[PDB]
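*Asks:* Just to be clear, this is only the beginning of the complex, oriented as in the whole thing:
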Amino acid sequence: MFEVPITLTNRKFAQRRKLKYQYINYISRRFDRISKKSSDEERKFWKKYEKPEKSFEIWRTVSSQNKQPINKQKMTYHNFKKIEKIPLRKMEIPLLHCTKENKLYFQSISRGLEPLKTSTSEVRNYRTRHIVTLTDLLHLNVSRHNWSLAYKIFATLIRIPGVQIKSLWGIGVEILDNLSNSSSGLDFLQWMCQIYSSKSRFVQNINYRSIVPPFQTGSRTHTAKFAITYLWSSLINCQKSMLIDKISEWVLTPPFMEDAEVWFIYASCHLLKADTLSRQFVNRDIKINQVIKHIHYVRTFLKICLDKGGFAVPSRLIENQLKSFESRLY
Amino acid sequence: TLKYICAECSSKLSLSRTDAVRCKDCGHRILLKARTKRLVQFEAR
């Protein structure tokens, strides 16, 4: 049922996608010559599209200029079976060189009829058969909130060779929600953000196998999700310990000059010092101006947060809290 | 046994051939040679 952390490949799957994306290149060109009257073959395919690398799907604002008038002239069955025919002609001679069930696949997937056989079931490798077994038992106990057992499956799964980042950082809920002899998950997210720090550029041309951007890699122009979970969960962890200087010293060191969420965290670290110190413990020439420093760090990091891309803050509501820190100070 | 010392974590170590100059435990690239039992003589002056 659940997803597996295997870099699994078979020749019948390497072919049946290649048998598919060889075909799609021809029918895409054919659609534009009839729109003209009116060679890896998959590396060539994804040069029509931008791989999102931040989200799964390239979502896009709508109330903007990205709009279109609805095209009037529509399809029919007479035009569709003549626009597919010449790509279906050239395809039939490599269809006899491929295996017959890959050939049964492309005959079936072209009339509708998606595959019902999921690729991680017939792999029978005996090591993947335990990696499919453990991850459906990994999630099942996390589903059932059984944590001493789901710890034991997770400690055994990371030791079997060939397992990925997918299982690794995502359920780091198990260390924090174990609380017995726990690292509280924060030393493990520190482990993730040390050995998977990679400021390299996302090359956006190769087909991607066993990695996906939005939850397990950390390229340039995309902060890794374990990196920002390490920043949220160590701010919240430091609040509950009442060391904020030590997180504010770290967030200083990485100036992620491509996103606004790290700057909101860096603005919110100073708001927590400006909250804590604004009690004054009296009813002092140095107690005053240090809070003004933190108030001025919040107003200037929230400004550079808001100048960046999309991270909408309640920028009015936070100004009501900064003024309230000063009224307690006067 | 000919040995070395990791210069960062003080872990003893030895390297032979097709062996990178690194600490096995940490990855420190600087190794300092240890002294073994070998006679040197001095006048007490």
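*Replies:* Ah, there it is. Residues are numbered from 1 along each chain as shown, chains lettered A, B, ... in the order given.
*Asks:* Give the residue farthest from the middle of chain A.
*Replies:* Distance to the chain centre peaks in chain A at residue A:283, reaching 49.8 Å (criterion: C-alpha atoms, centre = their mean).
*Asks:* Report the secondary structure element holding it.
*Replies:* Using DSSP states H and E, residue A:283 sits in no helix or strand.
*Asks:* try residue B:32
*Replies:* Using DSSP H and E, residue B:32 sits in strand B:31-33.
*Asks:* any residues touching that strand, and which ones?
*Replies:* Strand B:31-33 has contacts (C-beta atoms under 8 Å, 6 or more residues apart in numbering or on different chains) with B:4-7, B:13, B:15, B:21, B:23. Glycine gets a C-beta too; all of them are placed from N, C-alpha and C.
*Asks:* Now intersect those residues with the helices, please.
*Replies:* Judged by DSSP state H, helices contain none of the contacts of strand B:31-33.
*Asks:* Among those residues, name the buried ones.
*Replies:* Using 16 or more other C-beta atoms under 10 Å in any protein chain shown as the burial test, the contacts of strand B:31-33 include B:4-6, B:13, B:23 as buried.
*Asks:* I'd like those written out as CSV, with distance to residue A:88 added.
*Replies:* Shown next, in CSV, are the buried ones among the contacts of strand B:31-33 (distance: C-beta to C-beta, whole Å):
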residue, distance to residue A:88
B:4, 69
B:5, 72
B:6, 66
B:13, 66
B:23, 63
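*Asks:* Tell me the one among those residues nearest to residue A:182.
*Replies:* residue B:23 (29.6 Å; C-beta to C-beta).
*Asks:* ok, now which ones touch that closest one?
*Replies:* Residue B:23 makes contact with B:6-9, B:11, B:13, B:31, according to C-beta under 8 Å, 6+ apart.
*Asks:* ok, 7 Å please
*Replies:* Neighbouring residues of residue B:23 by C-beta atoms under 7 Å, 6 or more residues apart in numbering or on different chains: B:6, B:8-9, B:11, B:13.
*Asks:* next up, chain C:
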Amino acid sequence: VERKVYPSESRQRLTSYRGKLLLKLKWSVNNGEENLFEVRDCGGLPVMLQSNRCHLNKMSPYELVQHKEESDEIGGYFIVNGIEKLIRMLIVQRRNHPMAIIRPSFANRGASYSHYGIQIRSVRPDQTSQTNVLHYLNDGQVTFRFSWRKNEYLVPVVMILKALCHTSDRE
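*Replies:* Take a look at chain C, now in place beside the chains above:
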């Protein structure tokens, strides 16, 4: 992994204690119809010890011993190929104050140059300096000397005075 380097390692290695220089560009085309921003690595520039950009900055004498330095490590110098070097302090003229000075070398700049002149050393708020000298001539003429890319230039001062703001000749 990215490990944290200390200057004790850089003396051992006989290398330079170098932080990394970053620099982001603005590739604007057609006055900002299309802007390209690229943070570009510009080599490693060496860093003064116990500065902001050293790892020994906010650090106890106890912790300085544990990181293989002296307990009262002083800092203030650069490790460049394992040799400790520092930038020597120089005496220069006080900024932003015009100095009435006589120099016989002013007469050496040409005939009809008196040896009198006013000299100001103006610094910009990024500490870049600019010396403007105001020569007196034996005709009653005053010339405004400056230096730009290792070339002296001379201009009449009433040209600058008439170019700085709108003037009459009474003003």
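*Asks:* same question on the contacts of strand B:31-33, but now with chain C added
*Replies:* By C-beta under 7 Å, 6+ apart, strand B:31-33 touches B:4-7, B:13, B:21.
*Asks:* Buried residues of it, list them for me.
*Replies:* Buried residues in strand B:31-33, counted by 16+ other C-beta under 10 Å: residue B:31.
*Asks:* again with stretch A:74-86
*Replies:* For stretch A:74-86, by 16+ other C-beta under 10 Å, it's A:83-84.
*Asks:* Backbone torsions only: list them for residue A:23.
*Replies:* Main-chain dihedrals, residue A:23, degrees, to the nearest 10: phi -60, psi -40.
*Asks:* do residue C:27 as well
*Replies:* Dihedral angles (degrees, to the nearest 10) for residue C:27: phi -90, psi 80.
*Asks:* partner residues bridging it?
*Replies:* In this structure, residue C:27 bridges to residue C:36 when assessed by DSSP bridges.
*Asks:* what residues are up against residue A:172?
*Replies:* The contact partners of residue A:172, by C-beta under 7 Å, 6+ apart, come to A:185, A:188-189.
*Asks:* which one of those sits closest to chain B?
*Replies:* Using C-beta to the nearest C-beta, residue A:188 is the member of the contacts of residue A:172 that sits closest to chain B, with 19.6 Å.
*Asks:* Next up, identify which helix or strand that closest one is on.
*Replies:* Using DSSP H and E, residue A:188 sits in helix A:186-195.
*Asks:* Please list the outside residues in contact with that helix.
*Replies:* Contacts of helix A:186-195 (C-beta under 7 Å, 6+ apart): A:169, A:172, A:175, A:224, A:226-227, A:229-230, A:233-234, A:237, C:1.
*Asks:* Drop anything exposed from these.
*Replies:* A:169, A:172, A:175, A:224, A:226-227, A:229-230, A:233-234.
*Asks:* And those, which two are furthest apart?
*Replies:* A:175 and A:224 (18.4 Å).
*Asks:* Give the buried residues for stretch A:228-248.
*Replies:* Neighbour counts over stretch A:228-248 (16+ other C-beta under 10 Å) mark A:228-231, A:233-235, A:238, A:244, A:247-248 as buried.
*Asks:* now the sequence for chain D, which goes on the structure above:
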Amino acid sequence: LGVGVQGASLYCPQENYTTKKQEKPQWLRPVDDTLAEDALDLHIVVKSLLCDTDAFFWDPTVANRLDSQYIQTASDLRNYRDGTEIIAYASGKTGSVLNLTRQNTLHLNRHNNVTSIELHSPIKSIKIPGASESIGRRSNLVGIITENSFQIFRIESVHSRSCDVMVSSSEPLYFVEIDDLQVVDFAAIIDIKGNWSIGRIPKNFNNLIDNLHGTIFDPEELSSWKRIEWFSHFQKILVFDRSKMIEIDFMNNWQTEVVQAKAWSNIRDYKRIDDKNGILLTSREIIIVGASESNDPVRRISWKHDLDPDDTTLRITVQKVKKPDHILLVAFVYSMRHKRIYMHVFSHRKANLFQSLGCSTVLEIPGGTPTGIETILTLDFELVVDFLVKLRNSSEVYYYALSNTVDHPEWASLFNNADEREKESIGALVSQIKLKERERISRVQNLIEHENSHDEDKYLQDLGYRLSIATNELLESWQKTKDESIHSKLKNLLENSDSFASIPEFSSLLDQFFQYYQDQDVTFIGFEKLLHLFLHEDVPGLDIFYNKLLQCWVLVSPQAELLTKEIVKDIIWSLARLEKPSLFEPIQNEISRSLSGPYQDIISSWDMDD
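*Replies:* Time to bring in chain D:
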């Protein structure tokens, strides 16, 4: 209004400690993570019936075969009545016969009459549109989708004195263009494979497409799964494939691509939640509860959850739970390949404060896989929730409630011939063994009559004598045939090893027979170091080996003893390989084969190295 958004997207994913905090310094858990806090929520099925009636691929165009929702008919407007509950499902032979009230659990009513309206085409989708609370009333018309035409049914004056629902129908429009339509929704508004159009519903059943139409046709999407829904009452529509969501408002000419789902995921299912703001989308790899925005009713992409299972056939159904303080949205995804559900709990407050609580999973019936699951609206902290499933490869529909607090006929179609002359001719053998067993329970019973007799001590003195000289007869052939250069049976005597009546004696007697052969050409394999393979423990003896079966077969046998005796009397005679020669005989057969192979297989044959 919490803080951690993208504007374009908005995440609360799978146990990765969601990406916001307001820092509300109010001593009242001074944090407002999208993750909420409560206790657990375990679910318990209430299994009950409601009603009844090549394989490596699956058809996307077939959608459902049933429906269940409260309908308020035309005569309930003028009179006082408000809302009647119906269930309409396909039936017949090829899925072609489409056909009520709630006591405490939803059950078929008193007069329980199927209103079998007849068609001549396979049923491939059965759904209502739902209702509106801005319209104030409920819709009394339902539309279905078949291979040959498109049909509309109109439910008029459901009856209470006879429990019979008379139904009316519209004109089934056949195909002018020969392309199989996919999805209907109303809020004949339909989606064909590649293009859509708006259909007009009439008021007069006593006797089509408007002048505006659009298309989303992609030359490189290959599947035959589309979907349409009206969005947020503006007469905006939302059209789907497995690769993008297009937002189209036919009020103007305005078409926007919102979702582009080609790269790492795919659109799987899309339920429009009865909340006219919030609507839930199931992608592959993530669950999205993207709502509507008050400024422009376009898409408020709300707090979405990274679901773990990867599959090609996932659906979703959602049920709202309306509490006076907040609104829940439990989301149930289900697959056609296995037998599981997967849930997640959302909450909503007044300030678009969508949150998330956790996930759980439960199972289903072992026969089949689920194919259609629908929640009963229930007319509208101990969460209760109830719904119906339907499993594939079975035509039964059961009813389930969830509260907070394997026989195959293929093995039957392999036996049981209809041959009455061959019936007892087979059946004689089961009566033949009625004779042969009763002799064996009685003949060793005659050995039960005797107990360690000297008359049977003689019988076992006679036993080994024809084991000694028979060995002395079976030894003296192998010495002369020993130069073979290219084991035995121990069932040679067919006079005895049938009526010997002591296990500890014959165990000693064979040990008495073991000690006799100190000579060569005769070795053995010991039983007691090998007899443990049936009990799977440490069994060091033959006498305690009986003692394990002695306590074991007490209840399940009449008198329970000599049957247990005879099998223990069988197994030592079942391993009747006690005719090994000495060590010399296989060792001299080792040396002969390596001579026969070449000098290339000399170095290939070396045991015992390290």
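*Asks:* now with chain D: the contacts of strand B:31-33?
*Replies:* Contacts for strand B:31-33 (C-beta under 7 Å, 6+ apart): B:4-7, B:13, B:21.
*Asks:* which one of the residues you listed is nearest chain C?
*Replies:* For these, the nearest to chain C is residue B:7 (6.5 Å; C-beta to the nearest C-beta).
*Asks:* any idea how far residue C:11 is from the closest one?
*Replies:* From residue B:7 over to residue C:11 the distance is 11 Å, taken as C-beta to C-beta, to the nearest Å.
*Asks:* Could you do residue D:358 as well?
*Replies:* For residue D:358, the distance to residue C:11 equals 54 Å [C-beta to C-beta].
*Asks:* Pull the number of nearby residues for the closest residue to chain B within chain D.
*Replies:* Here the residue of chain D nearest chain B is residue D:610; by C-beta to the nearest C-beta that distance is 23.0 Å. Residues within reach of residue D:610, counting by other C-beta atoms under 10 Å in any protein chain shown, total 2.
*Asks:* do the same with residue C:13
*Replies:* By other C-beta under 10 Å, the residues close to residue C:13 number 16.
*Asks:* which residue is nearest the middle of chain A?
*Replies:* Residue closest to the mean C-alpha point of chain A, counted by C-alpha atoms, centre = their mean, is residue A:214 at 1.3 Å.
*Asks:* Contacts for the one helix or strand that one maps to, please.
*Replies:* Assigned by DSSP H and E, residue A:214 falls within helix A:213-216. Outside helix A:213-216, the residues that touch it by C-beta under 7 Å, 6+ apart are A:53-56, A:165-166, A:170, A:222, A:225, D:306.
*Asks:* Recalculate using a threshold of 6 Å.
*Replies:* The contact list for helix A:213-216, computed with C-beta atoms under 6 Å, 6 or more residues apart in numbering or on different chains, reads A:53, A:55-56, A:165-166, A:225.
*Asks:* quick one: it to chain centroid distance?
*Replies:* From the chain centre to the centre of helix A:213-216 is a distance of 3 Å (C-alpha atoms, centre = their mean, to the nearest Å).
*Asks:* Please consider this matter closed, and thank you.
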